[PDB]
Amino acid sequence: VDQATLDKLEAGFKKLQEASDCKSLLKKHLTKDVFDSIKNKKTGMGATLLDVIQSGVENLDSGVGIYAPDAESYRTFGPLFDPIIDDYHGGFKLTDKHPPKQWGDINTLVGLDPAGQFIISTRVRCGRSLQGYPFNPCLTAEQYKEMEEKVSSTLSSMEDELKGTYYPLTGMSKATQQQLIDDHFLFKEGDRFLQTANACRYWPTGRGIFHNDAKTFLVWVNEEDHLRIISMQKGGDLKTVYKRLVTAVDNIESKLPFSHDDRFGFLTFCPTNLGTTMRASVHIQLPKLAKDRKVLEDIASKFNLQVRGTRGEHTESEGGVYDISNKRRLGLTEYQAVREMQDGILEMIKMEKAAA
């Protein structure tokens, strides 16, 4: 590791120390001992600790604050990643292994709010990384383009309900782009946490969205992860939303090779997305429980649920609409993760109905 990087790491560490209002997992778990023992380490593709922690040093309002520039990073900087992963996913020890993929009995899932008084829309997504490619900070412009061609060619063979069109961001009109974002379909541009992780280079080259005509099945290409695979619709019919996702993923997995680790499950750029990579969410109004956003969050956390704003993480609630989803993704099966969202949302609705 070059001396300029060391200097920057030292001031970075000093900055986290003196930030008493910082509550990130990075601040919590990067101790002097941990720091000294990995700060001189470098991965096979030359990623350093600075590449891992820069986002969380620059954005002190980070909740987690680290990313993995390449797959090797998860082991090379294991003394930092391991306790943060344990913490975030609710108990995952050095001796633990993520279980094999298991979608489970789809017929056991239920509709979430048949009267339709609380849930606006239901969404399940997964992420995948292509074998043979590093994560965002180590990609070249040529590689973004290569992966885009591979992925869009594969998706053009989708059939029936999953049949659709790939739309590159390159050449998309500002009007279409902004409309897709406002309608909750397309990822937003210019996320500061991603940008400071060097994860947005060469933007918009290689970035785009595939969707069917109904926009109930969507694929994001080269945003945070190589692929995000999304199923969504209005209402709370979780069984239909999940079924569609399962069908799409199993179909795509038979055509593309995805990185899967014996311990961590499916590999992703952020440690919060490891394992099942699954985030099942509702957009929901809870007039009585959400009177205080802080009380909503305390209830939700007892159900291992996370609260986000209307336009995604790091945004505010607009019109009392929250995004509520399973927090944990690693150390439990796909079926378990979606059940944690299902069960928790059912109970929160019961509490809202009973509340005075």
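In this text, residue numbers run from 1 along the sequence as written.
**Student:** Mean CA B-factor: is it higher for 23 to 31 or for 303 to 311?
**Tutor:** Higher of the two, by average CA B-factor, is 23 to 31.
**Student:** Do the CA atoms of 166 to 174 or those of 118 to 126 have the higher mean B-factor in the entry?
**Tutor:** Higher of the two, by average CA B-factor, is 166 to 174.
**Student:** Between 340, 18, 334, 347, which one tops the list for C-alpha B-factor in the PDB entry?
**Tutor:** The listed residue with the largest C-alpha B-factor is 18.
**Student:** Choose from 64, 324, 330, 50 the residue with the greatest Cα B-factor as stated in the PDB record.
**Tutor:** That would be 50, according to the entry.
**Student:** Based on the entry's values, in what third of the chain does the Cα temperature factor of residue 196 lie: lowest, middle or highest?
**Tutor:** Middle third, going by the recorded CA B-factors of the chain.
**Student:** Considering only modelled residues of the same chain, in which third does the CA B-factor of residue 216 rank: lowest, middle or highest?
**Tutor:** CA B-factor rank for residue 216: lowest third.
**Student:** Taking the values exactly as deposited, rank residue 238 by C-alpha B-factor within its chain and report the matching third: lowest, middle or highest.
**Tutor:** For residue 238, whose C-alpha B-factor we compare with every modelled residue in the chain, the answer is the lowest third.
**Student:** Against its chain's modelled residues, does residue 77's Cα B factor rank lowest, middle or highest third?
**Tutor:** CA B-factor rank for residue 77: highest third.
**Student:** Could you tell me which third, lowest, middle or highest, the C-alpha B-factor of residue 188 occupies within its chain?
**Tutor:** According to the entry, residue 188 has a C-alpha B-factor in the chain's lowest third.
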